[PDB]
Trainee: 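Structure provided below as structure tokens; questions to follow.
Both backbone and side-chain heavy atoms feed into the values below; hydrogens, waters and symmetry mates do not. Chain identifiers are assigned alphabetically (A, B, ...) following the order of the sequence lines, protein sequences preceding nucleic acid strands; residue numbering begins at 1 within each chain.
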Amino acid sequence: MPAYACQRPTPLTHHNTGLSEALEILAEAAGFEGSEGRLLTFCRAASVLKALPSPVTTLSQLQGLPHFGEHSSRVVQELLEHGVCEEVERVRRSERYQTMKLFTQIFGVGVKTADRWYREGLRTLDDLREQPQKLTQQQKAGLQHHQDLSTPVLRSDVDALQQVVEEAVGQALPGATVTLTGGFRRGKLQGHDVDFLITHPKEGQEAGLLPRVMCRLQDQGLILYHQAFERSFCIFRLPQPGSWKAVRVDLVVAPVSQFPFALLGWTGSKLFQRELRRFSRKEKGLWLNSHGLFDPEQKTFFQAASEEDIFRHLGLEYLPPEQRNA
DNA sequence: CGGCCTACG
DNA sequence: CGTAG
DNA sequence: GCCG
Ligand SMILES: [Mn+2]
Ligand SMILES: [Mn+2]
Ligand SMILES: [Mn+2]
Ligand SMILES: [Mn+2]
Ligand SMILES: [Mn+2]
Ligand SMILES: [Mn+2]
Ligand code: NA
């Protein structure tokens, strides 16, 4: 079992859901306590289990696996022997975990903001609404649309959104293209949001494109919330039969020279991409982001035509999007 | 010991 | 700080 | 929490 998540296929459907979900509760809780390091280990351990070919049924089957030490192994052992891990159950039933989960699920609220509100005694979404001067415009919008934003986005919704985004993009710039990214490109059937990557085959034509797209969507009444720029984190008013629902949509523009890097980054998964960037720097001495792959000694950028080109330059076997579900 | 992804809004 | 994957 |  390779140690980096970008070195192994991780399918959407796997065989150790109960174990991985327990480890991911401890990872989320570690984040709520401000330990990115513990979060990362528990996330990595959970991800190792997603890549295994069969169910883990005995603790023996963990020996030698990367990112399993004393703590993650004891969690699995308790689950195998008893069906529950006391530590996991204490976290999941705790007021702190439940409230931090509630608050950080709001668009515009992260751990540091949620932790301050917790320390101030706040506990419910109505507590926040009762104190609106304490909110940014982004948080106001997240709270206003929280019910809709908690409803899974379905493929039906994606296809409708892709059509209205394609229409606005075509109106703003002939020849520009729209590519579905994020979890739906990895094969997920549901999501929290929809992610789109926009480019144009002639380098430089996409300059100024995203404000033009946003103006065109807003004039069609499709935008509930937004705000030169190249990433827009929007809330769309998606028509439904007789009505509408709020949906989170991310729109990203990249020049075509950067498109393989942006496609790779925005397709995820989040852990897959952090692991790939770590691998690139720590194992290959190259710096990776959604704009390019930089050799800091030659001070040159790798010219990629495809995602496959990037994997090859990093010495990695290519994984299609549906195997990046780390 | 000390790192843990690397950007944009 | 928030957002993204 | 795990590991280079
Ligand atoms: Mn026991
Ligand atoms: Mn997404
Ligand atoms: Mn840029
Ligand atoms: Mn230390
Ligand atoms: Mn994400
Ligand atoms: Mn520690
Ligand atoms: Na949030």
Trainee: Write out a two-atom table: protein N or O, nucleotide N or O from nucleotides 1-3 of chain B, distance below 3.5 Å.
Mentor:
residue: B:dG3; atom: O3'; partner: A:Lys282; partner atom: NZ; Å: 3.4

Trainee: With hydrophobic residues grouped by side-chain heavy-atom distances under 4.5 Å, do A:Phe184 and A:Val164 end up in a single group?
Mentor: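 Shared cluster, yes.
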
Trainee: Under 6.0 Å from the ring centre and within 45 degrees of the ring axis: does the NZ or CZ of A:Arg123 meet both conditions for the six-membered ring of A:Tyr118?
Mentor: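 Because its charged atom sits under 6.0 Å from the ring centre and within 45° of the axis, A:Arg123 does stack over A:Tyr118.
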
Trainee: Kindly say whether the aromatic ring centers of A:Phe107 and A:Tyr225 come within a distance under 6.0 Å.
Mentor: yes

Trainee: Can you tell me if the side-chain N/O atoms of A:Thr113 get under 4.0 Å from OP1 or OP2 in C:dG2?
Mentor: yes

Trainee: Between A:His192 and C:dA4, is there a side-chain N or O to OP1/OP2 distance below 4.0 Å?
Mentor: yes

Trainee: For DNA chain B, whose closest nucleotide is more 5', that of A:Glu230 or that of A:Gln273?
Mentor: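 Nearest-nucleotide comparison on DNA chain B picks A:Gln273.
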
Trainee: Say you pick atom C1' in D:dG1 and the same atom in B:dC8; how far apart are they, in whole Å?
Mentor: 30 Å

Trainee: Counting the benzene-type ring for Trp, do A:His71 and A:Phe42 have ring centres under 6.0 Å apart?
Mentor: yes

Trainee: If the cut-off is 4.0 Å, is A:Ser72 near the phosphate of D:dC2, judged by side-chain N/O to OP1 or OP2?
Mentor: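 Result: yes.
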
Trainee: With a 4.0 Å limit, can you tell me whether A:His67 has a side-chain N or O closer than that to the phosphate oxygens OP1/OP2 of D:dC2?
Mentor: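 Looking at the OP1 and OP2 atoms of D:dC2, neither is under 4.0 Å from any side-chain N or O of A:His67.
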
Trainee: Across the strands shown, which category fits A:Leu288 at heavy-atom distances under 4.0 angstrom: base, sugar-phosphate, nothing?
Mentor: sugar-phosphate

Trainee: Decide side-chain contact (heavy atoms from CB on, under 4.5 Å) for A:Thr104 and A:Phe32; before the verdict, give the C-alpha distance in whole Å, the side-chain angles of both, and the deciding distance to 0.1 Å.
Mentor: CA-CA 9 Å; A:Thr104 58; A:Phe32 294 162; 3.8 Å; yes

Trainee: Starting at NZ of A:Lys270 and ending at P of C:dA4, how long is that distance when rounded to a whole Å?
Mentor: 9 Å

Trainee: With a 4.0 Å cut-off on heavy atoms, is A:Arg324 in touch with a base, just the backbone sugar-phosphate, or nothing at all?
Mentor: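 Since no nucleic acid heavy atom lies under 4.0 Å of A:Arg324, the category is nothing.
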
Trainee: How would you label the contact of A:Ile106 with the nucleic acid (heavy atoms, under 4.0 Å): base, sugar-phosphate, or nothing?
Mentor: sugar-phosphate

Trainee: For A:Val109, report the nucleic acid contact type (base, sugar-phosphate, nothing); a contact means any heavy atom under 4.0 Å.
Mentor: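 Counting heavy atoms under 4.0 Å across all strands, the contact made by A:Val109 is with sugar-phosphate only.
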
Trainee: Have a look at A:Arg185 and say if it touches a base, only the backbone sugar-phosphate, or nothing, with a 4.0 Å heavy-atom cut-off.
Mentor: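 No contact at all - A:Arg185 keeps every heavy atom at 4.0 Å or more from the nucleic acid.
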
Trainee: Mind checking A:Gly110 for me? I need base, sugar-phosphate or nothing, with any heavy atom below 4.0 Å counting as a touch.
Mentor: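 Answer is sugar-phosphate: A:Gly110 comes under 4.0 Å of backbone atoms only.
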
Trainee: With a non-hydrogen cut-off below 4.0 angstrom, is A:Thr267 in contact with a base, only sugar-phosphate, or nothing?
Mentor: sugar-phosphate

Trainee: Taking only side-chain nitrogens and oxygens of A:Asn289, does any of them come within less than 4.0 Å of OP1 or OP2 of B:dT6?
Mentor: no

Trainee: B:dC5, OP1 or OP2 - any side-chain N/O from A:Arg274 closer than 4.0 Å?
Mentor: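 Yes, because at least one side-chain N or O of A:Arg274 sits under 4.0 Å from OP1 or OP2 of B:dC5.
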
Trainee: Could you tell me whether the side chain of A:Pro260 reaches within less than 4.5 Å of the side chain of A:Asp309, counting heavy atoms only?
Mentor: no

